[PDB]
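Readers should treat all values here as calculations from the given coordinates under stated rules, not as data from a laboratory. Virtual Cβ from ideal backbone geometry, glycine too; neighbours counted across all protein chains shown.
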There are 2 protein chains.
Amino acid sequence: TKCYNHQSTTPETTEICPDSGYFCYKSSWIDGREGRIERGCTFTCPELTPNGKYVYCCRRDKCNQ
Amino acid sequence: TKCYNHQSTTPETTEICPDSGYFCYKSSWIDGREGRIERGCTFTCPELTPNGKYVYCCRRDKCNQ
């Protein structure tokens, strides 16, 4: 799998995941008042933290824009 | 928190979540060849299993259509 891995609204980048068990994720949260997004490869979908807005985990190449 | 809780393509239904540590999810997976969707309230974001297409966890009312 290939996934986006750029943070927030930084310029788009991709990474090729380490193995076939990986999928993509996109996680958005508020830190104090500041919205941020993390993107990348993972083999496990992250928990939605108390200040998290959403977590999206998806299997298909570049699904996590 | 009010989340959709209808399965797959059934008529929309909602539920009001029990406690404050609750958010909504939508989970899409394949059972054999058949696509299925589960929606509802949760306090933990579901794992994306090998047969899953995506998991989406979100906080806003009706965010998980």
>> Here is a check on your reading of the model: is A:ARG59 charged (D, E, K, R) and without any contact (Cβ under 8 Å) to a residue 40 or more places away in the chain?
In response: no
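Quick test for you: out of B:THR10, B:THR42, B:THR14, pick the one residue that is more than 14 Å from chain A (Cβ to nearest Cβ), β-branched (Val, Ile, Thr), at negative phi and surrounded by 12 or more Cβ atoms within 10 Å (Cβ to Cβ). Lay out the reasoning, then the answer.
On the way: B:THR10 fails: surrounded by 12 or more Cβ atoms within 10 Å (Cβ to Cβ); B:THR42 fails: more than 14 Å from chain A (Cβ to nearest Cβ).
When all the criteria are applied, what remains is B:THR14.
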> A:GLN65 fails exactly one of the following numbered conditions: (1) within 14 Å of chain B (Cβ to nearest Cβ); (2) in contact with a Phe, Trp or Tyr (Cβ under 9 Å, 6 or more places away or on another chain); (3) free of Cβ contacts under 8 Å to residues at least 40 places away in the same chain. What is the number of that condition?
Replying inline: (3)
> Just for the stretch B:17-28: of the residues that are more than 10 Å from every other protein chain (Cβ to nearest Cβ) and either among the β-branched types (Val, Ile, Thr) or farther than 11 Å from B:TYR4 by Cα (or both), which one is surrounded by the most Cβ atoms within 10 Å (Cβ to Cβ)?
Replying inline: B:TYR22
> Which of the strands (runs of 3 or more DSSP E) contained wholly in chain A include at least 3 residues that are under 30 Å from B:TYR22 (Cβ atoms) and within 12 Å of the chain's Cα centre (by Cα)?
Replying inline: A:23-31, A:34-42, A:52-58
> Of all the residues that make up the stretch B:45-58, how many are surrounded by fewer than 17 Cβ atoms within 10 Å (Cβ to Cβ) and at the interface with another protein chain (Cβ under 7 Å from one of its Cβ atoms)?
Replying inline: 1
